[PDB]
Amino acid sequence: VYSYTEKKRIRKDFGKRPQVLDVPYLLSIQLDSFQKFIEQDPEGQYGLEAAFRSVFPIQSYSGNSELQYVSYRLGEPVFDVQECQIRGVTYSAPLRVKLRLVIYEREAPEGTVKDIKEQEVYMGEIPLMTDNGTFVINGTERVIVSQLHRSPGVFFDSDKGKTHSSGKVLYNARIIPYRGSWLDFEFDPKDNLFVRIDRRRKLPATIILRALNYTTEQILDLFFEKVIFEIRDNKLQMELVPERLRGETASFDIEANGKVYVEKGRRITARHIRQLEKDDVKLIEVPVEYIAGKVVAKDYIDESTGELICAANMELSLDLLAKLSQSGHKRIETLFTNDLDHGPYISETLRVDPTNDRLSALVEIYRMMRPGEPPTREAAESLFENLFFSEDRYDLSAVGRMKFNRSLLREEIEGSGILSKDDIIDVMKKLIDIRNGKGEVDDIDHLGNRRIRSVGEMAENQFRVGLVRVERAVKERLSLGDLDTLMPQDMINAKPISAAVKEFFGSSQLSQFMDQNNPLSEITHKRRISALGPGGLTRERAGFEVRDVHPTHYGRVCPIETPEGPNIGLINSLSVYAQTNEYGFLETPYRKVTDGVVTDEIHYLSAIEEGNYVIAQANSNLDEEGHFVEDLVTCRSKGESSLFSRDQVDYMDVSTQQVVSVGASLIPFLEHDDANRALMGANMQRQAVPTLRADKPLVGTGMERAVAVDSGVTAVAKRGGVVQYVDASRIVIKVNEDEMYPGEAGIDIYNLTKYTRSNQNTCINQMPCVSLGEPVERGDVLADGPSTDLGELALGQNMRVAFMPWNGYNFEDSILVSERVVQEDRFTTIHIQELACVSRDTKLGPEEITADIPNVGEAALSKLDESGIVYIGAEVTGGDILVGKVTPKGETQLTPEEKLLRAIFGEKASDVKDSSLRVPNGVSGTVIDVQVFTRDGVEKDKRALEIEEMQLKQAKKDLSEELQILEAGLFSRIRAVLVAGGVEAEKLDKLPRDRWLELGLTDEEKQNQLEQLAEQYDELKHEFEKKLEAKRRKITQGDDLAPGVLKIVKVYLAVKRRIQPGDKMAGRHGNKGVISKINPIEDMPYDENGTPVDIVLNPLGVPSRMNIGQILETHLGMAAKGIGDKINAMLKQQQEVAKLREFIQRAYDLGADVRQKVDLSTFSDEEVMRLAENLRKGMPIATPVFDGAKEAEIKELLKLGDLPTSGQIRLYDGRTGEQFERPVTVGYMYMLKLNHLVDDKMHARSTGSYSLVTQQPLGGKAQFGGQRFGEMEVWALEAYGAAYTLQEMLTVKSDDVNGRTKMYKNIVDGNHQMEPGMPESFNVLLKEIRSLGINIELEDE
Amino acid sequence: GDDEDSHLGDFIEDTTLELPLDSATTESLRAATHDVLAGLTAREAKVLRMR
Amino acid sequence: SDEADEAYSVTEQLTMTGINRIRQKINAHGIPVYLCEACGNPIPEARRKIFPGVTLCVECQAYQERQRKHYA
Amino acid sequence: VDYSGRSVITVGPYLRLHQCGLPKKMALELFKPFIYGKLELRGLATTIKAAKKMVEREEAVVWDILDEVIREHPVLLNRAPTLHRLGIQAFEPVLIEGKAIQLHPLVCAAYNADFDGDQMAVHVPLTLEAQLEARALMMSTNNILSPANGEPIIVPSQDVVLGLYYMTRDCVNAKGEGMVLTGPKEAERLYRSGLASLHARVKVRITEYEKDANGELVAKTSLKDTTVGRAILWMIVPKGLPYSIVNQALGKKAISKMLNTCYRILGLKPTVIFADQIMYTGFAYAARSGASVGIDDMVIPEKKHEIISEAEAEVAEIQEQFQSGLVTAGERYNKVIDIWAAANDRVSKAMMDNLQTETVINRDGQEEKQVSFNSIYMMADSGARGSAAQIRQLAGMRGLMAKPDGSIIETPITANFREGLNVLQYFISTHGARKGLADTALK
Ligand SMILES: [Mg+2]
Ligand SMILES: [Zn+2]
């Protein structure tokens, strides 16, 4: 059940699993986040409404001067997108707010209002989001990478080991809020427990308990369990709770009933506790020595005196037992301490507690928060209440409360805003229990502690900071507040908020240039998480902790796609099915499980909600109904993974792909690659430059179509219909009768984007693929972009590789590319460089853009027209002129004998200095397009007038073609008027269309309908008169250029770089390479049938770097081209549709269980010929990533062709014509072309420009300056005895500004001497030391 | 920060210097004109020098 | 050499040293002990027969392992 | 530094190890001043401006002038991290079409430069002491001994070792078995004509020159029982060495001690010429081996399944004994990782014992086993790339991946790369792999 578009070539699809969650729209992060940002949102939640409800209303100094909020608006831009890339504006959208300045009357708190002046005030231009989540800030398409930062809540950290040298670990616990004072708990190595408010001094941690209305009795009964001792007529009985005695010294005879069930000295093993439980002991009679070290909880005083016998939390010695014996107590309370489990911590910290009771504790808090402030009753009350208990001065965000209740094993995920007695006490219990053995510590990386921002929330915060810095000014201008003379816009300033928001979108560690050199690059750049930036941890502070992968990445961030090198792991790329949760933490799909069934309901899980479940594994064969095939299946429960019984799973992975990203899920046979290698593979697939004829992955992974379509490059049909008029520019879809709106149907039209620059200087082209008179279904591609083909992402080209050494040309990783790959121009990649030539305004005068140039005859000026700009199309080369420009330079200041010379030949020395924009030395191109911006203070020249006329012709053509469709829709609606009630069918197609307004009709509601539709027609008329007026006026106006520039002339060269020894190349699995000798055809190897193997890689790179996936891909490719050549023979020897059907059907079934059966008996006889003609280059093959095609499937798919099952053909060398012993592997591997081109990298500099502060080399153009002869190189030269080369390496070649010119004079005059002198850098050092008062001089002898 | 580690003063090129081609041409032409004035007389060479 | 080759060497180093630590722990050589090195209880047959020459009863082992779980 | 450049490098084995390629354009832009001087000296352009315009047009005679000023003018190639004093070396230029600074292959190990896009920077020595120092202090043929130890740093690296190892090995019944030859030369006339295969045991009459006669070379001929590979290679050995230098099977350690002996016995000139010759003949006979790798090469032991069955049986036994309360959690953890490491070593040894001796073939009689010619094996044995551990990962089970902390996880990868990996096993592998990169990129 396929469409008519999908049948262009139906990708053979292995992969055994059924997909149950189709791939989400890959750009959900950017789009949905910026959608939450900018929208009138009738609820106080996120969006701009959040910021405005936060900072407004502004009340003055209580003076009945208020400025409140009403509602805002997003006026449409003045320049739309492509206009805004041409000209250079920020694709903004002017903001508007309805602020409402109210002024209450004095002698009135809320008495009668005296003025409510309601006026709408401008502020800022928020740069809107394109349809592809890519803003346009200054002409270039920029992208704001999602950030990943610590969620405000609670954290229990270790800081294990190194401190204190005893090895003993500390267990600190931090309560970070959204906004307010922190709170920390920590152990000392002496094991007492201490607190600290915001990172200030430590404190005896019981002081905060006491400050919260806790005296020692209830402290000890919160942080401890009770053991009562009894004095029942003889010597110190004890309560026996049976499980109190696991792992403890038996320092006494544990008898019972006068029977000995446990004996002294031993240890109470589980046997003993078992037997005491079975033998029912409850009150054991132990000696006094065992109470001698116990601790007494409650307070005891002589009941006859009221004098304090034992304070709370004192150790009972024998004397105190005696003393309270004579007071009439048979109950005694003792803390159940223990070295293992119920440790003494709060008790011994009370030992450390200097203070005694509540008021003293509040005093100490007041003296630790701020010194010098004398303590006080109410000062202490206010300070302590306002640390953690002030709704104004402290608020966990609701995210804060949610983490704080999920990390305590609480109940409600949402609740209060400030802390409480119970929140603090639960923190402390959790802390002590962490240290007691039960419980564990949340390591940093755990994605339950990495809330994900994105464009929306970050821009919201920047607008927030803007609002605070402006409400300062608002309250200030309200200080002087005249009641009714300042409207609600002189209080504000617009440029503040615009400054903040532009600073974010244009200067950030996030808002960065789109890696727009390959559709996979954009859609793997917009899906991106970053841990750097403002508010995240940067490298120095942190640090190795967050580089790591952590088992909560399984389906939430890709593990095998992260930028290797300087910052690994800080650029985690988001998974395939991942999402941002409601609160923010990354979440992912999982299929629900009933009693024992695998439901098809996908259910989302965040990070903190997972471990309490037990998730199955997607690689589980299930039994045609939703029951597993076994009773025990692999699963993963809490980090660990293991076998579980069938009746225990709760969640199955949505699909085998979800562990990866869109980066590494395109690598076919990813499953057989060492993870570093898939890392480098994805990170070299993000850089493939779009070739000239982008072919297709001959072996793909299923996700490639979704990446091509969901990225913006393909030209996706908005509505299904017939194709009326294709063309290299535009595609005209005639919408069908059912997908067609009721009024003014019309037809959809797509203006493609022909040749044009992207940021990385490549060609972002679009070519139609659906030809004239041809159906298209909704949601289908019309026009392939760069590196797409038929809507299947084709980054590089497939080609014939043969693994074999072949004379050292591929030594380390080098590659040997036969000239059949470069003759065809199949890696010939097109690069569209932009050269600008401004025309500035110096003190001497304005630069000219004349065609009149000195010291260059007609020679270099043959390509220039009458005005100094080159023609569109002249094939400039290295060193020619594109824009003739001359600057007036007075004071020629003639010299000696040069003056004699001018006398000798009378040649008038000109007043003008040539500065024309000449092509960079080396490129060789075609000037595809010249644009001339002009300050509107200059008379536009002749060529700019040509350009204005031409663009205006174009825009007139376009907008008139638009008006035609529109009026056709309105005539349609007119017929829809007549069709009901008195339509005259054939009396309306004969006569002219324009004379339908005067068509007869009875004066019912339908005559008034005709009148109304005539009104609509004339409105459209005047509308497009005035709209073409506005188009002509946008074109005709001057530009608004930088300060002091007359006119800029942009010239778009279009180089075509082919391929040449040095151009890096690479497969997908991470086999790099540097194509190293572009061999003839004859020389290459050739299999017994004749075909020369185009590339020749190296065998020594498959075992050493375990990326055997490239050998399996090579074999699947060889089988694929086997099928291809079989269809080619069946089609060239032209057979029929019948043989083709039987053979393609044999290819598409092919054995093992698959989810792809197509049944070509429904393809019409003429579709299968088209299907063949698209397969005649070779049958594509899918292979979902961790669910690929196992080897034996490949072997049978080879045997379906006629290749040898071994995969290894016997090759004959091309030069000697004699068989390679030991057959080689040959196949069709898909190889990219990385854009580390050679001619971008090559560089050489003999005498260029120079610096200005130190006479060193400095060039610009391609760092047109010498290589850095750094320090380690100087160590090298000193290691050799060579010292002359060093002396000239930093005296003659580099700095000594007489040494270098004398060296050049000597070199030209054929005397290789050198006259060093002394470096100008050291002379600067003498001056910089001497400006300080340090007289450094050089002795002279 | 877009590079290894630079400061914007490290890029501001120079314009007082003379391209060492110019230095070589000026010297070569000093020598050549010296020879050409060798192709005149005392009155001739001295007058054209002093002129 | 490449940047993944060096990472392979480091991964070999890391897992080899970890595994060889944990094989250094387990004894596999008899020194028949017959009752604890701390508590004195008899070590049962099954435990002394799995791990030959193990000085400590089961409970003493769990207890020392738990005091060491907080890393000394 | 004025007068420099840099670019992407490549291989170009057609060189001798004292000279590097250098592109025409980079040459003409490094040596502009010398070229200008040479032009106005030979009178082909009147004044320096005219010479400038000539080299800027790239006329016909500038190339000849440049091929004169690049005759004996050594340049200095350098790399980016110049660890030790061999990071900078002289080379003579060889003018090249293109844009890649072609580098002699034996020089890589000194530079520690692979050819996957690592860029090299060429400096040019100006003065005449500078050229004399490039020729007698920094030339590539005067740094063969690493400064950190007297052993050579011109050890052939990877394709050449596989070339020699496939050249000088021996199967048991190939063509030309047991026939007799009258020298290395007719061994070559055999092999290149297709009568006797490259390695097949033969008798030859080699002639090794020992030099106990002080600096003198006493000839001595014999009948070595050797192969056709060894006798074909012996022509490249200089006079000094003895014949037992090549009579073995020439791994990488043995091939480096070949050069080390040649340097200790004859000096620096013959050892340079011999490094060049070994590299050439190794490249040729490796390109002739056709030594390709393929997916059928990685022979899983059929016995791997039994080893892993018993491994998981013993782990389940420890599991039962953990639920019975007979071993603490720590001791069961260590017993599990123990029995898995034991299974890992058993599977490794069984695969290697099925992979190395697997060639059992038949000489004029019943049969015999011999060291295998298994492509992945020779690439792991000769010393070209990898060793027993990486092969262990392509055929046996692949170890126990260990998370970055150190506490090696106890769910071992029971699979390998020839077989697939299911998602758990891969997601475990990621821990150790990303740790490896994150350290040797901070390094
Ligand atoms: Mg490198
Ligand atoms: Zn014990």
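Residue numbers (PDB author numbering), protein chains in the order written: chain I, 2 to 1342; chain L, 512 to 562; chain M, 2 to 73; chain J, 347 to 789.
Idealized CB from N, CA, C, for every residue including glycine.
Pairing I/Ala-803 with J/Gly-636, the inter-Cα distance amounts to about 10 Å.
Judged by the Cβ position, J/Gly-463 qualifies as a neighbour of ligand 1 at the 7 Å threshold, a heavy atom of the ligand being closer than this. Take I/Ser-925, set aside five residues on each side of it, and the residues of its chain with a beta-carbon closer than 7 Å to its own are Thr-878, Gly-879, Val-1056, in chain order.
Not one heavy atom of ligand 2 falls within 7 Å of the beta-carbon of I/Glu-249.
Among the CB atoms of chain J, one or more fall inside 8 Å of the CB of I/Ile-569.
Just measuring C-alpha positions, the residue of I/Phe-156, I/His-526, I/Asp-189 sitting nearest I/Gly-168 is I/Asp-189. When the five nearest sequence neighbours on each side are left out, the beta carbons in the same chain lying within less than 6 Å of the beta carbon of J/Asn-519 are those of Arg-709, in order along the chain. Rounded to the nearest whole angstrom, the C-alpha separation of I/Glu-611 and J/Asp-684 is 31 Å. By the Cβ-count criterion, I/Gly-938 is exposed, with fewer than 16 other Cβ atoms from all chains shown falling within 10 Å of its own Cβ. Within chain I, the C-beta atoms nearer than 7 Å to that of L/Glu-538 come from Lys-1306, in chain order. Under the DSSP definition of a beta bridge, J/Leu-422 partners with J/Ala-436, J/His-469. For J/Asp-460, the CB falls within less than 7 Å of some heavy atom of ligand 1.
Distance from the C-beta of I/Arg-268 to the nearest heavy atom of ligand 2 is below 7 Å. Residue burial is scored here from C-beta neighbours: I/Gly-1271 has fewer than 16 other C-beta atoms within 10 angstroms and is therefore classed as exposed. As for any alpha helix (DSSP H) of minimum length 4 sitting wholly inside the region 509–539 of chain I, the runs are 520–526, ordered along the chain. Counting only unbroken stretches of 4 or more residues, the alpha helix (DSSP H) elements lying wholly within the region 385–467 of chain I are 399–407, 422–437, in sequence order. Taking all protein chains in view, the Cβ of I/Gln-31 is crowded by 16 or more other Cβ atoms within 10 Å, so the residue is classified as buried. Taking a C-beta distance under 8 Å as the contact criterion, I/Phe-195 and I/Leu-184 do not qualify as a contact pair. Counting C-beta pairs with one atom in each stretch, the region 317–325 of chain I and the region 337–351 of chain I have fewer than three that are closer than 8 Å, which means they do not touch. Residues of chain I whose Cβ lies closer than 7 Å to the Cβ of M/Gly-41 are, in chain order, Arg-267. Neighbours of L/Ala-535 across chain J, judged by C-beta separation under 7 Å: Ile-394. With respect to I/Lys-1078, I/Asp-814 sits apart: the two C-beta atoms are not nearer than 8 Å. Relative to I/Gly-1110, the option among I/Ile-1076, I/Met-1085, I/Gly-1152, I/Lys-1191 whose CA is nearest is I/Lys-1191. Three or more Cβ pairs closer than 8 Å define a contact, and the region 575–583 of chain I meets that threshold against the region 661–680 of chain I. In this structure, I/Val-782 is the residue among I/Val-1298, I/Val-782, I/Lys-260, I/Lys-991 with its C-alpha nearest to the C-alpha of I/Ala-707. Per DSSP, J/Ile-611 lies in no beta strand (DSSP E) segment; the continuous alpha helix (DSSP H) that holds it begins and ends at 599–612. Three or more Cβ pairs drawn from the region 452–460 of chain I and the region 34–49 of chain I lie within less than 8 Å of each other, which places the two stretches in contact. Non-local C-beta neighbours of J/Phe-620 in its own chain, meaning closer than 8 Å and more than five positions away in sequence, comprise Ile-582, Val-583, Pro-584, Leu-605, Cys-608, ordered along the chain.
Here the alpha carbons of M/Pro-45 and I/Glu-308 stand approximately 56 Å from one another. Close CB contacts of I/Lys-1303 within its chain, under the 6 Å cut and outside five residues either way in sequence, are with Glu-1316 (chain order).
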